[PDB]
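Shown next as structure tokens: one chain only, the form deposited in one PDB entry.
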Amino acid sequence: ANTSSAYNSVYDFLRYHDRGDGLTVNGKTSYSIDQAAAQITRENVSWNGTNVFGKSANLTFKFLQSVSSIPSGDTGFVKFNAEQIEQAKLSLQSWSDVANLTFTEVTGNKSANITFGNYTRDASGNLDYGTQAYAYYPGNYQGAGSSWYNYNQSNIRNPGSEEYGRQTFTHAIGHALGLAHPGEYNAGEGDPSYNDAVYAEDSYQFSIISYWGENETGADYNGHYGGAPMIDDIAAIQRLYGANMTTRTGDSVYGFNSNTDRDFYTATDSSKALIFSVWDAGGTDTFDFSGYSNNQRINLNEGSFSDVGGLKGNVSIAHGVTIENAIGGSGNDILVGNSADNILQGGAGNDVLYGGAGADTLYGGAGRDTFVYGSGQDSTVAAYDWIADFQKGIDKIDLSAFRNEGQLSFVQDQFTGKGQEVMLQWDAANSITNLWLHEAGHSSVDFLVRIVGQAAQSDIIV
């Protein structure tokens, strides 16, 4: 049916970066999260051995202070500096947050599963200012789990201020845990490019084990590097070691006002870029994106991507995660809930809110806001939505999606029985307006949105 542009914007955003299911994207086969995860783990190796899946591990790590040799043949060893140590520990933590891994530092002569060191020259003893980093897969051989970084790169020496350095630590540790590049390519071997990718979603938007920029898949991080595991990385590492169900099991806030004590989930002011895929194992959680003025699009569905703070495709939610609440900023935003009971706050600006299934509580904020309903299942009597700050003559409630079963008619105080009728009923004692919809094919009146405030018939879009 002809539906409104507000509904169409929800319908489209729900399908942003659709994947898998026999789609073709960028002329390549599109993989699901799980297909991408299987591809990233295709070497079938982990610290637990070969072809061992879903098994936790307790691992050691060490910052080498000297070496007998570097397993690649590079030379000019330099130990990690203090900033590299701090950032590497943050990278390790970002992996142990999502998978069932513990990391324990060892020093002195103790062997370690994962090691860190820098190099500066090739096997011929000439300075190497061109390469970046590499690491070795788990195994029982000499050098297994070791990771190596070019100290002549400023991003490697300064990973706390040069985002690519922190990303590189996360990437290399991923190899040291058993993850592979999503395609058969490597640095030094020819000149690969995204054109050589096996599947469309081989980019930083989905995996920081990729070589390819997030622009290759239509995302845009405005020159930033995220630094922590992205959505397919989380699925991949959980395939090997199991998911960590102890992480952030309380009510967690991501974005502004964050309580995660993780830099990559925290924006401290509006100039801060956020790039993350969230893992969260319990509790009632909030995406607080309130500090931005850009028009944002925020989706709470697991697996989905959001456009946050002026970037594109920079936030996603890992498979297995339920995030319950979202707060937009002063821009004109779209906030899309999931089947849970969501509290959505549009903030200032003219926002479109869609609770989806479940009993949602919606605040448009200042501005001309639109609360969208796509199905009778979005607001059943048994689990109805509240719209708590509705402004008569300014906000709108959009029922245009119901046109697909016949144009809805407005009735004043009684239903005829014909169905596809909408009624507003004012409760003067409580100052509540109940919006009732008797839907085609329903014998009883089964859709209700309760509104804290008055509403006019002309505020209801049918």
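Don't overthink the numbering: it's just position in the shown sequence, from 1.
Although it is not shown, the form deposited with a partner chain bound is what the next lines describe.
The candidate stretches are 109 to 117, 251 to 259, 137 to 145, 79 to 87, and the one lying within 4.5 Å of the partner chain in the bound PDB entry by heavy atoms is 137 to 145. With the partner omitted here, the residue from 361, 301, 132, 290 that has a non-hydrogen atom within 4.5 angstroms of the partner chain in the bound PDB entry is 132. Distance criterion of 4.5 Å from any heavy atom to the partner chain in the bound PDB entry singles out 168 from the list 296, 342, 168, 316. Within 4.5 Å of some heavy atom of the partner chain in the bound PDB entry lies at least one heavy atom of residue 164.
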